[PDB]
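Single-structure report; data block below.
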Amino acid sequence: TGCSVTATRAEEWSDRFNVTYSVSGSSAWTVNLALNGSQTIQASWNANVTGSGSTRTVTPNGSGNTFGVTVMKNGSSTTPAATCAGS
């Protein structure tokens, strides 16, 4: 009765790193990314990553439960933390 988000690193560059966030159990979930420092996102497929502040809200658009996001280093190289929220 609980969902989760598995994030893996696919390609890694010297100015940013791609990420692969996914969730199982169901597609109606709420992915929440929490970058650290000032990292930012400039790409997102299979999910819409919008929001403001040090957190980012993510929701499904009727495509699947596996989406990827592109984060920029900016002095950071640790992927963000995603959390599935669906009561």
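As a convention, Cβ positions derive from the backbone with ideal geometry for all residues, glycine included, and neighbour counts pool all protein chains shown. Read-outs throughout are calculated quantities, based only on the coordinates presented, and are distinct from any laboratory measurement.
Per-residue Karplus couplings for the range 40-54, computed as 6.51 cos²θ - 1.76 cosθ + 1.60 with θ equal to phi - 60°, are listed in order as 9, 10, 9, 8, 6, 10, 6, 4, 9, 9, 10, x, 8, x, 8 Hz, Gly and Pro entered as x.
Amide H contacts for residue 40 (H built 1.01 Å from N in the peptide plane; partners 5 or more residues away or on another chain; cut-off under 5 Å): 72.
Protection proxy ranking of 60-66, 23-29, 11-17, by the mean of other Cβ atoms within 10 Å over each peptide's residues and highest first, is 23-29, 60-66, 11-17.
When the Cα convex hull of the chain is projected onto planes of every orientation, the mean area is 5.3 nm².
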